[PDB]
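Below is one structure, written out as structure tokens, with a few remarks after it.
Side chains are part of it too, since the values below use all heavy atoms of this structure and drop only hydrogens, waters and symmetry mates. Each chain gets a letter, A, B and so on, in the order its sequence line appears, and its residues count up from 1.
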Amino acid sequence: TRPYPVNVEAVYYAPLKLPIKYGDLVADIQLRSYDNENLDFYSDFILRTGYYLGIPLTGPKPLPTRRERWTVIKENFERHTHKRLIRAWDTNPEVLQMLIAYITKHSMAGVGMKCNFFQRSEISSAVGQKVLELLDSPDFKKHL
Amino acid sequence: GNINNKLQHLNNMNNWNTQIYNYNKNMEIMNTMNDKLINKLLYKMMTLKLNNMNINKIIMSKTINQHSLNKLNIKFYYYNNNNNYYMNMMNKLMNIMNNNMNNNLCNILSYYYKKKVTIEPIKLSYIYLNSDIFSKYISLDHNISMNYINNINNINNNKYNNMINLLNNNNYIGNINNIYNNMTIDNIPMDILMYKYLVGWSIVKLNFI
Amino acid sequence: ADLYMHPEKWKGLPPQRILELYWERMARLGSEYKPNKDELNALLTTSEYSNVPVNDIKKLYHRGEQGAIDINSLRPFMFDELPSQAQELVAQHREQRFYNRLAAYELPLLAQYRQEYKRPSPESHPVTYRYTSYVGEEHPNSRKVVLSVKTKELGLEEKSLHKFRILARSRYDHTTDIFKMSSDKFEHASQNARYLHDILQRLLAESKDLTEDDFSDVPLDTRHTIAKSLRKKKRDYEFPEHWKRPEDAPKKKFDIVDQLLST
Amino acid sequence: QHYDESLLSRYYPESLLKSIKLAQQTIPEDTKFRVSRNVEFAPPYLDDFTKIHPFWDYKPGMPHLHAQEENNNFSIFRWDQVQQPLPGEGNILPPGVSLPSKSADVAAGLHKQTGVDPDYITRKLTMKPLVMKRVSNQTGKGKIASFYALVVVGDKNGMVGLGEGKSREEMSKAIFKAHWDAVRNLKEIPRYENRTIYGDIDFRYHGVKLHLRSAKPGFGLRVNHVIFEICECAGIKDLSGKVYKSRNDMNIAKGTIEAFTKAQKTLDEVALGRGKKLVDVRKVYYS
Amino acid sequence: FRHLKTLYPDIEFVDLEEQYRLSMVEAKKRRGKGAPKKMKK
RNA sequence: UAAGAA
RNA sequence: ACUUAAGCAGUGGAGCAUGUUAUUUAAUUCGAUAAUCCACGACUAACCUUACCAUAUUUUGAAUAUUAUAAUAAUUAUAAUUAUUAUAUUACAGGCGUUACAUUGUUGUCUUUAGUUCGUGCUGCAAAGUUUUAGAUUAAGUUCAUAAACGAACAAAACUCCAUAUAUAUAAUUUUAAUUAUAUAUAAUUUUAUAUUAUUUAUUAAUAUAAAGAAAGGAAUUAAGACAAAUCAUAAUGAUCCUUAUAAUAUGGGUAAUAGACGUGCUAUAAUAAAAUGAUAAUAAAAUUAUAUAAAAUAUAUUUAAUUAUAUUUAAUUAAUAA
Ligand SMILES: [Mg+2]
Ligand SMILES: [Mg+2]
Ligand SMILES: [Mg+2]
Ligand SMILES: [Mg+2]
């Protein structure tokens, strides 16, 4: 009856991933949150954005959760840092900058992000500037 | 309390008043302290008066500070209390929150935070829809569950029937319009929503189910 | 767009539009707001839209809420509003729907900006630079740049390659053949990257200058790498080849139905 | 499935055709979709996300975390109302619940519990409280006071009933329970000529000695006040009588009803039991 | 809070804590329990 | 032609 | 039935460390005191911390508000208003002052939490009672059964959450720990079969023997009374007291003094136990690193080297990567 085109159908299914053709890692995106829900939702959204931008993205690799603990004297409190890793392959710098800009614009509450960019390339002092000033002062210049 | 559904469970992120993650921990501590100070300021800002004998005390909940990568959103609930031709005091307050051109509060807060700030006030018409507001105001079950469970079973069985009918007539079953036949925004959302009804109270612990 | 700033042009229009323009004027101007006759006449025109007398609306326009004054709680619950706790779930669903609409209709538009991968040749571009960006944060480590290169991809003769490794010292890892150095001494990443490039140029120039000393008598010191390797567990063992029993592996058994279904 | 732009033009807005075209060009029509095991992105229903729902989507022009307007472009200036009222009917009334006198509730409850007629109870019974007391019980945590109500109900046509109710909270509740009990205890009272008692009654109820005497037409109710109220409810018009020994109001009230029901025999009962004809001389004197 | 009087002159905010402090100061000064006059040079 | 109340 | 008693395994007469107390002291900041006992907080006291002592020094002080002045920017039609900053003004601020300064609150400990109300129904004239029952069983409210009582709400339980076992997903298996990580889901509060004992006679329970199971632990979650607590540092309010000083700052000193007494800990008093040595490096987990972390190397103690401790120099890593 009602046509539901492929873009809408894709929302109801796991995000598509483009195949990795050469295996040139061009960036890794680490997402961190003190909860896992927003983190994983945002990771799925990043995968969708990357697919449509033409970027091969492997997936939100689970990284070890960091636990912080505090004892109140015997009440125990703890904080969990959940971490996901999304790696990008075989992509130009400009498309990848577009990815980062778009996912920054539409980020979720409570999720931080670190981005490492790997750029293959062809082969081809405050104290010091004050120590000189002190040594060229009359108080120190008089002993020398 | 289905965790896989955003209408059937409270996101664990929402049980913190400051919702943030910074790789730079110094900045995260600073932002937490900023949120507490701004909450105290906003509490101070909720009392107004139209000359003596005209005191108006808006009651706001705790602020919810949603820190994203490029923006902070300070959301709070509030309770207040021919009108088309003037602005009462509460309207003026909210309009300085966002809408004034020159010295609106969110621009000043943006300087304080060094990131974009928006403010989201949400009016609550009753005082017993929010335990914090109810407390700040008084300063100055089986049958419903059974109906909810019946609705959940009905929805699940509806989707199951749809899918088996497709299989009768890989893992990719078929078109989305037939897998979700009688599953519409006009029947599913409000029936699966949780915490619609206040089923218990002890004056301030309000139990919503 | 700025029609709310020009009350002269409110003449006409729907009365509800005039009300909205008046409210926008008040909201935007705040205390800078002041009476304007044209706006008052436009509101007189709306006097019929809302059941309010002309005199009353002029009175309210001039004296505001004071004019209104001059002219509950614990109410019964009508089941017409949600608890704030349920409104949090409604907001979670609003967020979900917003992202779903983005994925449905704005993400496909990003397909216009697809580019073909201009793979830099590994031989031509063997040096990799790693930059760090903490999105939405002022992090001191965002200035760090790391330069890595496999030394055998530097185009050095054997004597010069040896001299390079000797001079690299702990930055060179003989097990992986990776020369790596990092810089975060300058406030900006571009400065640190240029600094690392310049260091590499000096190292290559000295390694190729064999007119004075080639350091052929100095063996390659691997002590830093030994110390590094002792800190990581080494699972360097594999199942004995002669223990394997392929004779014992399960053998696929013929099944007629599957073959007659592949027809 | 992939569709002709011709067909889509009829079902989707003009501004959305571009994204659908680009999607169909970027997603091969052989694509095999998998469901996500652990992260649910789409809602639990079907939606093409072409329409902004007034309640389930963020209100346009409202500030929030994902507001796409600029700070100087929000279009909400009136804060006196909830910005997003509920969808559908505009309420969340549970099935079996109603939106937000005593005789009506007694009648409804007793019709549900015993199958008696509510209309009769509401439009033909009159209640009269007889005694209203505060009793008390000594318990380890102090004195617990209860309100006690004895009431009488009747239709002035030979039906009368006494009821007792007791409530630790309010006298309204004790009287409500007494009214309930009285309706449940409705009896039929023999009456001679629908105005008096058949003969005389000398009835003992615990410590109360009742002496009731039938009276002539026009003679009033010359009796104890409790008995007067009971007679008013029962349809007794003419009566003389005296109470001896105990004059406790509750015991008088209760014992007068056993006196009316147990210590009376109608003329028909006597005539049939004895096989004799009992003639009322005054009834026959006037034809 | 004190800046609010200058940013938004058409809104007159009330600091409950400050008003309570002033009311207590005046109540003490009515009982003769108020602070003495600070000595001055 | 027999009324009770505190 | 907390407790005792028994059994097992220890520790326990000294030195030191750390507390408390006593005495001393300018100060050794503060903490108990109704007759068994018991003043006893330290996630770091050189300065800071700090509350204490000595000596100097400050006087509207850290706040808010009023009223003036002196500038500085904006606006009127040149003076003026509007604000911002300083100076003064006095209401005051300030108080590790007071619990022999009282209230709530909160916190701790302890007792009770298969029980408390409500609704109907039933019994007694009624106040009241709600009846078997002083039930069975378990280590236990544990698990059951029963009655003129039956429900509901809470409470308890179930549930939930950890962990454990398994499935799916994810990781281009060089951030490698795939023997991993962390999301989702499943599982058990285990079940079946005989035999012997008892039984309220089995469709019960225990023991034993078989059978299937990876299956064997833990945490949280409610109220009501009683008493204690002012380092209540679990607050708020009030009262009361000081206001050139009971507030505030600097320099130094003390909290580290030593006759005693006691608590706790560490190191010992030797052979079922101490020492040294053990480089293709026996075998971990959990944490930490932008207010860092410190590799390898070199030098000295130092003696071929190693070990150990510093210095020189800072490689890598702001981290499933390096330390
Ligand atoms: Mg000191
Ligand atoms: Mg000092
Ligand atoms: Mg004071
Ligand atoms: Mg002091």
Side-chain angles (χ1 to χ4, degrees), chain A residues 14 19-20 23 25 28 36-37 39-40 43 56 58-69 71 73 82-85 87 89, chain B residues 1 3-4 23-26 141-142 200 202, chain C residues 132 139-141 144 146 169-171 176 180-182 184 221-228 230-233 235, chain D residues 34 36-39 109 113 133 135-137 141 146 148 164 166 168-169 177 180 205-208 211 213 215-216 219 221-228 240-243 246-248 250-251 254-255, chain E residues 1-2 6 9 15 17-18 21-22 24-26 29 33-41:
Chain A
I20 294 156
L25 179 70
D28 66 51
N36 70 90
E37 181 158 8
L39 183 60
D40 291 325
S43 292
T58 60
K61 177 161 161 44
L63 296 184
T65 300
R66 181 196 170 189
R67 181 174 63 166
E68 304 167 281
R69 278 169 294 160
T71 300
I73 300 156
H82 306 260
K83 313 202 279 178
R84 296 298 111 81
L85 183 67
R87 313 186 101 157
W89 309 78
Chain B
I3 60 166
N4 302 281
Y23 280 80
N24 190 358
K25 300 289 94 175
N26 189 358
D141 195 340
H142 186 69
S202 49
Chain C
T132 313
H139 202 291
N141 195 56
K144 184 172 190 183
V146 185
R169 299 188 68 191
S170 72
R171 296 161 201 78
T176 61
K180 184 173 73 174
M181 43 185 192
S182 55
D184 54 34
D221 182 11
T222 56
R223 280 176 291 189
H224 64 279
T225 310
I226 288 149
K228 184 175 72 179
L230 289 163
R231 291 154 195 160
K232 276 73 69 177
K233 300 301 187 194
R235 300 194 182 186
Chain D
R34 292 183 291 113
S36 180
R37 298 294 296 163
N38 46 46
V39 174
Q113 195 194 77
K133 282 208 295 213
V135 298
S136 80
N137 185 29
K141 292 177 71 68
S146 302
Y148 171 86
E164 298 158 273
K166 204 162 165 185
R168 293 180 181 177
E169 295 84 9
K177 277 190 274 292
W180 181 286
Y205 179 84
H206 296 264
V208 175
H211 300 282
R213 300 181 291 278
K216 62 165 178 60
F219 198 100
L221 288 176
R222 315 194 197 177
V223 288
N224 173 265
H225 57 102
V226 177
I227 303 171
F228 166 85
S240 169
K242 185 68 174 172
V243 185
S246 184
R247 290 184 185 165
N248 185 320
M250 153 183 82
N251 280 340
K254 284 152 125 173
Chain E
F1 180 90
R2 69 188 171 87
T6 314
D15 190 356
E17 301 158 346
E18 180 61 19
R21 193 191 69 75
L22 293 164
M24 289 294 104
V25 162
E26 294 293 328
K29 203 142 58 184
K33 316 300 291 188
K37 182 170 283 176
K38 188 185 172 65
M39 183 179 73
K40 186 180 289 293
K41 59 163 68 177

Notebook entry, point to check: Below 4.0 angstrom from OP1 or OP2 of G:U318, is there any side-chain N or O of C:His139?
Noted result: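 No, no such contact exists.
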Next item on the list: Indicate whether OP1 or OP2 belonging to F:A3 is found under 4.0 Å from a side-chain N or O atom of D:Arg247.
Entry: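 So the side-chain polar atoms of D:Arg247 never come under 4.0 Å of the phosphate oxygens OP1 or OP2 of F:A3.
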Which one, [options], comes nearest to the side chain of [X]?
X	options	result
E:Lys29	G:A169, G:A128, G:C92	G:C92
A:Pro62	G:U243, G:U291, G:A181	G:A181
A:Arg67	G:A287, F:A3, G:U244	G:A287
C:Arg235	G:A296, G:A171, G:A178	G:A178
D:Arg213	G:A290, G:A171, F:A2	F:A2
A:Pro60	F:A2, G:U170, G:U244	G:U170

Next item on the list: Specify the residue among C:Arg169 and C:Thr176 whose closest nucleotide of RNA chain G lies further upstream toward the 5′ end.
Entry: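 Looking at the nearest nucleotide for each, C:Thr176 comes out on the 5' side.
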Notebook entry, point to check: Between E:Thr6 and D:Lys254, who's closer to the 5' end of RNA chain G by nearest nucleotide?
Noted result: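 The 5'-side residue here is E:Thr6.
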Note to self: Please classify the nucleic acid contact of D:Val208 as base, sugar-phosphate, or nothing, using heavy-atom distances under 4.0 Å.
What the structure shows: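 The answer is nothing, as D:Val208 stays clear of every strand by at least 4.0 Å.
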[atom1] atoms of [N] and [M], separation to the nearest Å:
N	M	atom1	value
G:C37	G:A54	P	38 Å
G:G7	G:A136	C1'	36 Å
G:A62	G:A88	P	12 Å
G:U143	G:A156	P	14 Å
G:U18	G:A34	P	34 Å
G:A299	G:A306	P	10 Å

Next item on the list: Compare all side-chain heavy atoms of E:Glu18 with those of E:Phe1 and state whether any distance is below 4.5 angstrom.
Entry: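 No; the side chains remain at least 4.5 Å from each other.
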Next item on the list: Please give the nucleotide sitting opposite G:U312 as a Watson-Crick or G-U wobble pair, both distances under 3.5 Å, or none.
Entry: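 Result: G:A297.
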Note to self: For a quick check, with a 4.0 angstrom heavy-atom cut-off, what is the B/S/- contact string for nucleotides 68-73 of chain G, read 5' to 3'?
What the structure shows: ------
Note to self: Does B:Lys25, at its NZ atom, have more than 12 non-hydrogen atoms belonging to other residues, nucleotides or ligands within less than 6.0 Å?
What the structure shows: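 Count over threshold, so yes.
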